[PDB]
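Enquirer: An experimental structure, sequence included, is below.
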Amino acid sequence: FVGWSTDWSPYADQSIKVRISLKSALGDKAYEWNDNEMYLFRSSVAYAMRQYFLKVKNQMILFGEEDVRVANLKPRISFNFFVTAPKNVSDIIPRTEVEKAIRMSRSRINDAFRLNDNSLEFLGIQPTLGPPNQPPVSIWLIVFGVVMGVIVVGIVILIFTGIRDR
Amino acid sequence: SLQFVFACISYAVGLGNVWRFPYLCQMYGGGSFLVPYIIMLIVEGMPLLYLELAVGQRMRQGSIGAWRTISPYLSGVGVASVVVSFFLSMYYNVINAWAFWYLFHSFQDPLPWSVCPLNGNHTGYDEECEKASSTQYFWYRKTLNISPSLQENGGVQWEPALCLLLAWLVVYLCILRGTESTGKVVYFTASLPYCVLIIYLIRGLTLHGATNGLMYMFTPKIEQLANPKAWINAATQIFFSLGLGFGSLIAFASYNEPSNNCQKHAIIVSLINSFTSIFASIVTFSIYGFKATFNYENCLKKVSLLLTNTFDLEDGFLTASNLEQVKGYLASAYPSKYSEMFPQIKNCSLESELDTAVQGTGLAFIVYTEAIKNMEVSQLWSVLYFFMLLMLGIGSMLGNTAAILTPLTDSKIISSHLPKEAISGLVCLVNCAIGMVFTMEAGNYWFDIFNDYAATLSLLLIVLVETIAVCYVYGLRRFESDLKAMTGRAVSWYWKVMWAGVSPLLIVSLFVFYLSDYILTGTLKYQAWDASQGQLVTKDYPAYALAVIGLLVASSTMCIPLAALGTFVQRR
Ligand SMILES: *[C@@H]1O[C@H](CO)[C@@H](O[C@@H]2O[C@H](CO)[C@@H](O[C@@H]3O[C@H](CO)[C@@H](O)[C@H](O)[C@@H]3O)[C@H](O)[C@H]2NC(C)=O)[C@H](O)[C@H]1NC(C)=O
Ligand SMILES: *[C@@H]1O[C@H](CO)[C@@H](O)[C@H](O)[C@H]1NC(C)=O
Ligand SMILES: *[C@@H]1O[C@H](CO)[C@@H](O)[C@H](O)[C@H]1NC(C)=O
Ligand SMILES: *[C@H]1O[C@H](CO)[C@@H](O)[C@H](O)[C@H]1NC(C)=O
């Protein structure tokens, strides 16, 4: 194929895309997304990577804020980030491990920016709302049974009284 | 005293004008249906109601007895007055069952219509519960389990069947127990619905974007105002709400004193019924406008989110008030990207939503459940409203069943063969067996059919026969003289003109218009649920359903002429 495309990049395969909607989640009193917020986000990602590598693989890897490389920043606050080795640029953590790390500690990142799973979308990490607990058997069935029983008792006693009277 | 006023309110206020009227109003555009109803009230409601009350008071007999005394070869019309009522008892109590259902699922903190079920991954929501509202999904799937088409119908659903059986047992218990204590019950069972409606009106008026529904319901769109179907539905609805044709009014009037005032009673009953229907429509359409506004805002928010995601704009840059301008700017910037998703963009407006937000036979249930889910203590208001609706339905069914059983009670041959109490049980069992059809997967379609035609033509024909017999057979002058002798203050010329040549002519003209419209269109279709689109789609009626509806109408219409022919043969 003669030519080239201006979209492919060597780090595009291992990149995770983050889209942030501060205004929708917070309405007013919404902070601006300057470079300090980006630094805080990179630090949170590095902390999550440290937690995953410590509590799952039992390996002490000293990640840093400079190991979370960010590209394609947009006014939407939508970018692509990927995590490299602590001092080995040629080594990029596979996207599966990064996704598992984010799933493990997404709550901390969500609370760091006061966002809830809808204004902080990782585009590949789908949160779980939680199973809905059910009543023991059925409240409606118990109420229906009680009502039917009392109605039947009333019908029977009224019929018996009417028969006895006549 | 106030006891008479409360009794009149109880007789005027029923489940009919509270439940059926909002659904008809929403179906026929709102105002374009509201205007004829007021027009059909001062023309057909008060005059015919006063005529029926006067006939019942003067004849001092039951419906069958009165229409036999008026004319022998006409007596069979009284039999028709039962048959139509029987058809009502075929399906009306089913509504009560639904109330029971919505009552029974009202003792849970996670109300079933409040939160959509999970898809299975515990990560999202059901496609049907996402495209449609939670209340709509609960009504059409977890309550009715309706089939997409009438052709495919499943077995008898057990839970609705049990609810219907419980409703019939409650009706039978009320029949056996309550015979004269209603005077005390009038002190409480006549004012509670008004309080509930006041509370729900307050809640609706406290909701954002509720005035849109009120504007829609009061807007008389002339484009759909000329539809004869709206006039026919308004006429049959007011006749059903006032109880005309059923013969219960005649039976009640036969039990009053000869000097009891009837014109004031009829006018008060008609006006109270109309006012209650208007108030219920106001509240229901306020909540409906709230739903339409919510859906419109949700659609705009989804469109804006899609555009922001696919064009990478700021979170607050794109708003509803400046949507089309940004769309034009995007089209002018790079039309390739805009056209790559142009079919995905959806055009949603308030008018389209208000036309098709919520519709069907269960409009009241869905609308009031939506109102309940946005309350503070949802369970309390839900229980109160559902208990009020159940009480109204129980009262209406008690009236209908008493009207049905009165000719059977008066039957000396039947009374001498079986106990009087066992007749009520047999009638309840037969009605439950017949109405178990509505508990199937496609039972909602049959319920709609029997709510659209089992009382549309029958009531009109019965009223026409009654008014013709009163005006021309017995003689208007003789009837006026009898009424003047009974109570004095003979009927004013307005009532005489209405009974002579206004109401019958209007009924005949409306029937002719409806028949001509049906013949010309020839496309009588029914709404059917579509889970794929999460909406309602019009589908042509099948041959068997049309035949069943025709038979149901024809039996009631021909009950009187067949007996007339039999009487003529007996005389000859
Ligand atoms: C930084 O990370 C990269 C991985 O992304 C490391 O490269 C890996 O280095 C090891 C050690 O040489 C390679 O193993 C060797 O591979 C050759 C290939 O022929 C094989 O003949 C040897 O027997 C041995 O198995 C490994 O293949 C290589 N992986 C990649 C993807 O290049 C690199 O060493 C890291 N740098 C530091 C300083 O740790
Ligand atoms: C749920 O999981 C199944 C697993 O096969 C998947 O096919 C489906 O897309 C998932 N649901 C959603 C909404 O992604
Ligand atoms: C919306 O309006 C445009 C404007 O012509 C039209 O092309 C399109 O079919 C309409 N419907 C949708 C769903 O986009
Ligand atoms: C959803 O489920 C996953 C695993 O099934 C769990 O880690 C996560 O905490 C759940 N989310 C809740 C319960 O909010």
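Expert: Received, thanks. Numbering: from 1, shown residues only, chains lettered A, B, ... in the order given. Ligands and ions are numbered 1, 2, ... in the order given.

Enquirer: How about residue B:373: what's its closest non-neighbour residue?
Expert: Excluding its sequence neighbours, the residue lying closest to residue B:373 (CB to CB, 6 or more residues apart in numbering or on different chains) is residue B:114, at 4.9 Å. C-beta here means a position set from N, CA and C on the backbone, and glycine is covered the same way.

Enquirer: where exactly do the helices run in chain A?
Expert: With DSSP state H as the criterion, chain A has helices at A:22-26, A:35-55, A:95-104, A:106-112, A:139-165.

Enquirer: for the stretch 51-200 of chain B, same thing?
Expert: With DSSP state H, counting those that start in this stretch applied, the stretch 51-200 of chain B shows helices at B:63-70, B:76-104, B:127-131, B:134-137, B:158-177, B:182-185, B:192-205, listed in chain order.

Enquirer: Next, the buried residues of the fifth one.
Expert: The reference is to helix B:158-177. Judged by neighbour count using 16 or more other CB atoms under 10 Å in any protein chain shown, the buried positions of helix B:158-177 are B:159-176.

Enquirer: And the longest one, by the same measure?
Expert: For helix B:76-104, a neighbour-count test (16+ other CB under 10 Å) marks B:76-104 as buried.

Enquirer: Go back to the buried residues of helix B:158-177 and keep what's next to ligand 3.
Expert: The subset of the buried residues of helix B:158-177 within reach of ligand 3, by CB under 6 Å from any ligand atom, is empty.

Enquirer: any idea how far residue B:413 lies from residue B:241?
Expert: Counting by CB to CB, to the nearest Å, the gap from residue B:413 to residue B:241 is 35 Å.

Enquirer: sorry, that was for residue A:33
Expert: Taken as CB to CB, the span from residue A:33 to residue B:241 is 61 Å.

Enquirer: can you check residue B:91 too?
Expert: Distance, residue B:91 to residue B:241, using CB to CB: 16 Å.

Enquirer: Can I take it that residue B:285 is in a helix?
Expert: Yes: under DSSP: H, G, I helix; E, B strand; the rest coil, residue B:285 sits within a helix.

Enquirer: Around it, how many other residues sit close by?
Expert: 28 (other CB atoms under 10 Å in any protein chain shown).

Enquirer: Identify the residues contacting it.
Expert: Neighbouring residues of residue B:285 by CB atoms under 8 Å, 6 or more residues apart in numbering or on different chains: B:22, B:25-26, B:30, B:213-214, B:216-217.

Enquirer: ok, those vs residue A:66, which is closest?
Expert: Closest approach to residue A:66 among the contacts of residue B:285 (CB to CB): residue B:213, at 57.6 Å.

Enquirer: ok so, going back, how about the helices of chain A in TSV, adding mean neighbour count?
Expert: Formatted as TSV, these follow (neighbours: other CB atoms under 10 Å in any protein chain shown):
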stretch	mean neighbour count
helix A:22-26	17
helix A:35-55	17
helix A:95-104	16
helix A:106-112	14
helix A:139-165	13
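
Enquirer: Would you mind putting those helices into TSV with distance to chain B alongside?
Expert: Output for those, formatted as TSV (distance: least, CB to the nearest CB, whole Å):
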stretch	distance to chain B
helix A:22-26	4
helix A:35-55	14
helix A:95-104	12
helix A:106-112	13
helix A:139-165	4
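
Enquirer: closest one to ligand 4 among the ones you listed?
Expert: With CB to the nearest ligand atom as the measure, helix A:95-104 is the member of the helices of chain A nearest ligand 4 (7.2 Å).

Enquirer: Pick out the residue of chain B closest to ligand 1.
Expert: For chain B, CB to the nearest ligand atom, closest residue to ligand 1: residue B:312, 31.7 Å.
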